[PDB]
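Quick setup: one chain, the form deposited in one PDB entry, written in structure tokens, and binding and motion questions come after.
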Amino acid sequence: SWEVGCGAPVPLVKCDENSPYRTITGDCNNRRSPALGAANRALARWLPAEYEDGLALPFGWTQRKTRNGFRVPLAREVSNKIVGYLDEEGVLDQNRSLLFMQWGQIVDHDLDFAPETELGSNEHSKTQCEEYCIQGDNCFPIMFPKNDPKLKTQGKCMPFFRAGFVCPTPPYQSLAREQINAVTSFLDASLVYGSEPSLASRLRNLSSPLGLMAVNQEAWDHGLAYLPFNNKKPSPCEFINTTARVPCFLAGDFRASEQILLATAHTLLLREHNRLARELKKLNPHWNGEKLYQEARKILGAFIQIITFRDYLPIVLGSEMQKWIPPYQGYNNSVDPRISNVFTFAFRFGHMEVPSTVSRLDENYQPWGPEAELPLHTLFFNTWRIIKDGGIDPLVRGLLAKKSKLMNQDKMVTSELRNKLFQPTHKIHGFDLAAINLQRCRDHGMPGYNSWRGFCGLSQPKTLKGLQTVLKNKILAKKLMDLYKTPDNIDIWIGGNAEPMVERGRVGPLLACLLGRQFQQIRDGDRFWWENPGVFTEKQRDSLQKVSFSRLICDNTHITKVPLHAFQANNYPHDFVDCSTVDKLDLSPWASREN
């Protein structure tokens, strides 16, 4: 399309023509186009954006303006009528550990983040959006439908603020509006080390030459590290309990403390980095801080890619895995490794996988304490239940032994997220993640469900009956049709999650295609991929092929009984074996042998 590169905000950096290691910003990965897959640049467009005004106004912005002849429904109205459900019985995934949902949030956070525009921290329009519900520039409030119980209780709307865009923060208008991805498009552990120089540094231990990551010296997990606290007012985690006053954590990714299993998850990764750094020092006492950092970073990064691609994607993609992620044929520099704007909605399938409760389990994998089980909604931004209630160990067993939620067409998203989500600075366990995913689609000019059906070489239902056949569900298809008035108009997040799941997968056909390409691209387009010939040695690669998320766990907690296959539904003590029976990451090949 006639124009060739805008994107003022991001300084260049004369590349690491040098570096044996990725950069923090992801720059210089690709040699001919060094900004490709760099953080802080526009999300990629697989298809052209679709805005009401053709440029930036989201569909649903002007009441009088229709999409394909019809008003689009209110996001919260789609949510109540289709996404919500009462009965949590019969909802669990007989074949998926809770670590399965947790891994996905983590991989997601390594890959993408479209922050809301910061355009007002000394502005009452920062609170004006919430207090008065006035659609209002970067303010695009989710209005409640007439028969919504939150009307009687919370007001007229749920605040919501349009996502930040490249080039102008403010007004400009000639080409379509493009949202930003602020993390690196590479599975590079950016969630552990950060995607800005700025935050990479603050995360590091530069007080010692061991190449360690900063740890919290304010509190400890039985001799085991905790992420450092965050720096900073005003704070989600102190607020949800002003008595414990326990801050949100600090990691390479800002949503680290969104919920306690992710912080947990973040906590396992930090430990692996330091435990990688102390041990590489052992073998190589001659290496300096930096060499220790990057080399650990580097090993940590391969780790994320193997567990994701060998253990995780096949149970997401199932029968479509081969069809989109053929086995690896090496680095291809012609591939675009940028996260697409539709992937950040596609990967939101994880939302139907989150169950309503989280448990903590003691060494016999039995309820740890009197209130061992807790509703997810009280764990939003809850750092205290970790520092002051058991360390991460009990929660990691909850991750091995409990189950994820199963997508279900009549039970899409649990009220804990749909009704009780806490949004920082909106003080009420009372928002709607479904509604918000739906408003966000529109915010990002997402093409509709069929556009994506066509794009994936699948059919495009047009009638009620047509949709019934595709969803294989009459009722969901009526609801759907009475809301949107056509297949054409259905928001992608929800039409994509509404189709039944492929043989041995957890997403339907459309999603396996959307997700499938993207992952193909981030692996094929990565100059530092783990199996890219020449990144790791012969030895190292044979040594890397054995990592397991049951290893991380043993090497980094005081858990001694674990799964062999952590993503599947695992019951103790039957499916739990001793830590000693599991292949280690042998670092012998990392000996910087002679001088």
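What we label the rigid core is the largest C-alpha set whose atoms superpose within 1.5 Å from one form to the other. Residues that one form lacks are left out of the comparison. Residues carry their position along the shown sequence, with the first being 1.
Engineer: Using the B-factors recorded in the PDB entry, average over the C-alpha atoms of 164-172 and of 463-471, then report which stretch comes out higher.
Structural biologist: It is 164-172 that shows the higher mean C-alpha B-factor.
Engineer: Please work out which of 260-268 and 289-297 has the higher mean CA B-factor as recorded in the PDB entry.
Structural biologist: Comparing 260-268 with 289-297, the higher average CA B-factor belongs to 289-297.
Engineer: For the listed 518, 127, 179, 195, which has the peak Cα B-factor recorded in the PDB entry?
Structural biologist: It is 127.
Engineer: Lowest, middle or highest third: which one holds residue 365 when the chain's residues are ordered by CA B-factor from the entry?
Structural biologist: Answer is highest: the recorded C-alpha B-factor places it there.
Engineer: Hey, what third does residue 118 fall into on Cα B-factor, ranked over its chain?
Structural biologist: Within its chain, residue 118 is a highest-third residue by C-alpha B-factor, going by the deposited values.
Engineer: Sorting the chain's CA B-factors, does residue 452 end up in the lowest, middle or highest third?
Structural biologist: Residue 452: CA B-factor falls in the lowest third of its chain.
Engineer: Using the temperature factors of the C-alpha atoms in this entry, rank residue 323 within its chain: lowest, middle or highest third.
Structural biologist: Highest third of the chain for residue 323's C-alpha B-factor.
Engineer: Once the chain's modelled residues are ordered by C-alpha B factor and cut into thirds, is residue 423 in the lowest, middle or highest one?
Structural biologist: According to the entry, residue 423 has a C-alpha B-factor in the chain's middle third.
Beyond what is shown, the protein has a form deposited in another entry; the following relates to that form.
Engineer: With the core superposed, a Cα shift of 2 Å or more between the shown form and the other one singles out one residue among 242, 198, 122, 94. Which one is it?
Structural biologist: Result of the comparison: 122.
Engineer: Using the core for the fit, does the CA position of residue 16 change by 2 Å or more between the shown form and the other one?
Structural biologist: Yes; that C-alpha moves by at least 2 Å between the shown form and the other one.
Engineer: I need the moving stretches between the shown form and the other one: superpose on the rigid core, then report runs of 3+ consecutive residues where each CA shifts by 2 Å or more, in sequence order.
Structural biologist: After core superposition, the displaced runs are 1-5, 16-19, 119-123.
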